[PDB]
Structure formats: C-alpha cells, structure tokens
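Starting off, we have a lone chain in the form deposited in one PDB entry, written out as structure tokens.
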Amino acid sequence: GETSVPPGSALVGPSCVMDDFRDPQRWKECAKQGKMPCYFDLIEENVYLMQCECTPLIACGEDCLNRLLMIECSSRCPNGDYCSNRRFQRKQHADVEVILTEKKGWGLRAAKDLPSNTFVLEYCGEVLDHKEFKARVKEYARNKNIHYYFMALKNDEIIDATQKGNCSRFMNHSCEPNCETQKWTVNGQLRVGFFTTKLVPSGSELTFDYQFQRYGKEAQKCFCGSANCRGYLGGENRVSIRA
C-alpha cells in the first residue's frame, strides 16, 4: 500500500543508553527486555591472572617520535596535559553505540564520522596464559558458546573478554573491514585497541578482520554482507608456499 511519513513515536518505558553499561541495575533490567546484551563485567583495564622531541604548543601529532613507534607519551610529555598521544591512558574512545544486527548478534557502530586511524576502543579483558586459555577453550566449547571473545596480545598471552571486558567485545568480523587492531606500549605494557583504517561515516557498523577465528580449525557461515565475502569465517590458512 501507499506509504506515509510515520507519526512521532515517544517510548513509554525509558530508553536504554550507553551510560547504562556503567549502571548494573538498569542494564540488568534492559537485558531482560532484550534492549541490551547479556550482562558481563565491565572493566576499565586488563586483568592479569620514552621522551619525544615535540615542541611544546596538534600536540604530539603525526610526527611525534613516540606515536611513530606505537608508544604512548607519559605525564612528562613536553605538551603536558595537552598531549594527544595518551589515548589509551585517558580512555579517549570514539563516539560508539551498540546495535542489534539481524544475523551476527550485537555489534558496534560509529555515532560520528571517524577519520582514518581514529582510536575506537581498547580491547580489554582477562589476560590468560596458555594453560588458562586451553582450559577455557574446552570450557566454552563444552558450553556450546555461540560467540567468541579471544584475541592474541602476544605469543604467550591471550585476552579473553568473554566474562570481563568492555563494549569492544561486540565488534563483528567483516571480509572487507573498516577497523584493525594496533598493539601499543603504554608505560612499558602492551595493550591492544581498535582503530579505523578509513573514514567511517556516522551510523556505519564498525568491523574488523577477526584473525583469531578466521585461521582457526572450524568454520561458520559469514554474515558480513561484503561484496567479496569469503562465505565462511574460519577454516582458512594464511598464504604459504609449500615444500
């Protein structure tokens, strides 16, 4: 039939908002209604189980010798409080919103235009050794978990955001993504964050190459929708030249 502009609609029962992830009571209420994802423990930093030459005034922009090596400045930066290269320390995350997708579960979207190489969010979680990782892989497989939340930090340390993390756990995989991870040194400790790899317009889902599952043994249908989607996520090997 003939379509028309819908009337204004105001919700009766109040809206669930991003600040509600820092309000356990309201989040648990929202989750019962399917208005927010299943509760998890929101953490501010990972749980474990260098002076640039910038002139004091962008403060520590693209030419900063720390930034170029993916090292954050300290409080002793020549730019002091105005240093722009302390984004993980100051939790200077992008304006993001959590969305419910048709096929992949929840996801993250940009709420403003994000230029290329914008810091989105730190990927926080429990940092596991190989023994704890192997135990939890078996635990989650036995539990028939639908979603995975592991990401390698270093050759002997895997971050697990299944139980504890932040909204970066909702990032979905795309075969043609608009974000990547970068591993930065902050006060001598490696931390990992999501960064855009192109300009991402306001309203766009943020996506990345989920390497942990992509090169894992088992596979699942890929719902990314990309023009050149590889069809499934998982069961792939990186390029090699054999014999």
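Throughout, rigid core stands for the largest set of C-alpha atoms superposing within 1.5 Å between the two forms. Heads up: residue numbers just count along the shown sequence, starting at 1. Shifts are known only where both forms have a C-alpha.
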query: Unresolved deposited residues lying between neighbours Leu49 and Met50; finding: 10 or more
query: Count class of deposited residues lacking coordinates, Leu57 to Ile58; finding: 4 to 9
query: Of 65 to 73 and 196 to 204, the stretch whose C-alpha atoms average the higher B-factor in the entry; finding: 196 to 204
query: Between the two ranges 210 to 218 and 27 to 35, the one averaging a larger CA B factor in the entry; finding: 27 to 35
query: Highest-ranked of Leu128, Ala141, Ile146, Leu121 once sorted by CA temperature factor in the record; finding: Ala141
query: Among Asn117, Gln92, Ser168, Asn79 - the residue whose C-alpha B-factor is largest in the record; finding: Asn79
query: Within-chain third of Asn155 by Cα B-factor, per the entry; finding: highest
query: Third of the chain's Cα B-factor distribution that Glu180 belongs to, per the entry; finding: lowest
query: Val12 - Cα temperature factor, lowest/middle/highest third of chain; finding: highest
query: CA B-factor ranking of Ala227, expressed as a third of its chain; finding: highest
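This protein has a second form, the form deposited in another entry, left out of what is shown; the following refers to that one.
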query	finding
Comparing forms between the shown form and the other one after core superposition, the one residue of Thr181, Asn66, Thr207, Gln213 displaced by 2 Å or more at CA	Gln213
Large Cα shift (2 Å or above) at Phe223 between the shown form and the other one, core-fitted	no
Closer or farther in that other deposited form: C-alpha pair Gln89, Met18 (3 angstroms or more)	closer
Shifted regions of at least three residues between the shown form and the other one, judged by C-alpha displacement of 2 Å or more after core alignment	13 to 18, 213 to 218, 231 to 237
